[PDB]
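Q: So I pulled this structure from the PDB, and the sequence comes with it:
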Amino acid sequence: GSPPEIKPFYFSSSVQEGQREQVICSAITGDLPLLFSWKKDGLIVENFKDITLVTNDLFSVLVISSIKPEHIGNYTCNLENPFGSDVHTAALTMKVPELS
């Protein structure tokens, strides 16, 4: 089989508190099934109230339904299959917080 090559994902460059984010972790090559693991600054992401994961054997979407300052940081997707692994980290930066 072939090892996976991750497709980079990135957060928006103008994140505002209370808005939403979605990023897709996926591979351009690599035999299925793929397995996905998400961490935010080394923490289990999904246990954040406002973070939901949508995961199948092909891709995993990380959803932040309401951005809060606690979500600022680095999000790492680790991807593997029986033949290799890959990883990508994307930083979430907040441009505008709650003001009113």
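A: Perfect, thanks for sending it. Residues are numbered from 1 along each chain as shown.

Q: from here on, contacts and neighbour counts on C-alpha atoms
A: Noted.

Q: Tell me which stretches of the chain form strands.
A: Assigned by DSSP state E, the chain shows strands spanning 5-7, 15-16, 21-29, 35-40, 43-44, 51-55, 60-64, 73-81, 84-92, 94-96.

Q: For the spatially most central residue of the chain, list each beta-bridge partner.
A: Nearest to the mean C-alpha position of the chain, by Cα atoms, centre = their mean, lies residue 62 at 4.7 Å. Applying DSSP bridges to residue 62 gives these bridge partners: residue 23, residue 53.

Q: right, and it touches residue 51 too?
A: Yes: using Cα atoms under 8 Å, residue 62 is in contact with residue 51, at 7.0 Å.

Q: what about residue 69, how many neighbours?
A: Using other Cα atoms under 10 Å, residue 69 has 15 other residues around it.

Q: correction: residue 56
A: The local packing of residue 56 (other Cα under 10 Å) involves 12 other residues.

Q: That one: what's it in contact with?
A: By Cα atoms under 8 Å, 6 or more residues apart in numbering, the contact set of residue 56 is empty.

Q: That one and residue 71: what is the separation?
A: Relative to residue 71, residue 56 is positioned 24 Å away (criterion: Cα to Cα, to the nearest Å).

Q: And for residue 7?
A: Distance, residue 7 to residue 71, by Cα to Cα: 22 Å.
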